[PDB]
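Read top to bottom, the protein sequences are chains B and A. All residue numbers for the first sequence refer to the authors' numbering, where the first residue is 75 and numbers rise by one. All residue numbers for the second sequence refer to the authors' numbering, where the first residue is 60 and numbers rise by one. Beta carbons: idealized from backbone N, C-alpha and C, even for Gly. This report concerns only the one structure given below.
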Amino acid sequence: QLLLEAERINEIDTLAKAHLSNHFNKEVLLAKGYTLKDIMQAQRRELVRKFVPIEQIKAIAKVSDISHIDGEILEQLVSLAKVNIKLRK
Amino acid sequence: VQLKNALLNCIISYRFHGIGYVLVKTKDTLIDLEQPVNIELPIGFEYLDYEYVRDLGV
């Protein structure tokens, strides 16, 4: 499942790259000293804020701050963000 | 650095015309500018010419 989860990691990276700034690039993030799992979750949090409105975050995640939501709840948040970009286009 | 450059023309347009516009550019497409922004780090700042801006009011 190492390759299977790598594609999922790549899937989030591709959509994050085309929406987030180049300051959130995996290369520069690695230089600052963040682990691969930390990089992915941090990228996930930014995408939710960019697309998902704050009111939805206050409902699905039950709190405003996403700094302590990494995990299954974060997966639900990014799932709504993926829906958000589809309707935006 | 880009904010300072955009702010210089904004004040000049403010003094000459009465209003100034500065665009906060993000990682988005030209059609996405209509959509609102919730939270996003910007890519840069660009001053918008007064003659090319149509505003109907507050």
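As the crow flies, the alpha-carbon of B/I140 is around 6 Å from that of B/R119. Counting along the chain, A/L67 sits inside the alpha helix (DSSP H) bounded by residues 61-75.
Taking a contact as a CB-CB distance under 8 Å, the pair A/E105 and A/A65 counts as one, their CB atoms being some 6 Å apart. B/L78 and B/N84 have their alpha carbons spaced roughly 10 Å apart. Going by DSSP, A/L107 is part of the beta strand (DSSP E) stretching over 103-107.
Using beta-carbon distances, A/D114 does not count as an interface residue toward chain B, since no partner is under 9 Å. CA-to-CA, the gap between A/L92 and B/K136 works out to about 29 Å. Between the alpha carbons of A/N97 and B/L121 lies a distance of about 11 Å.
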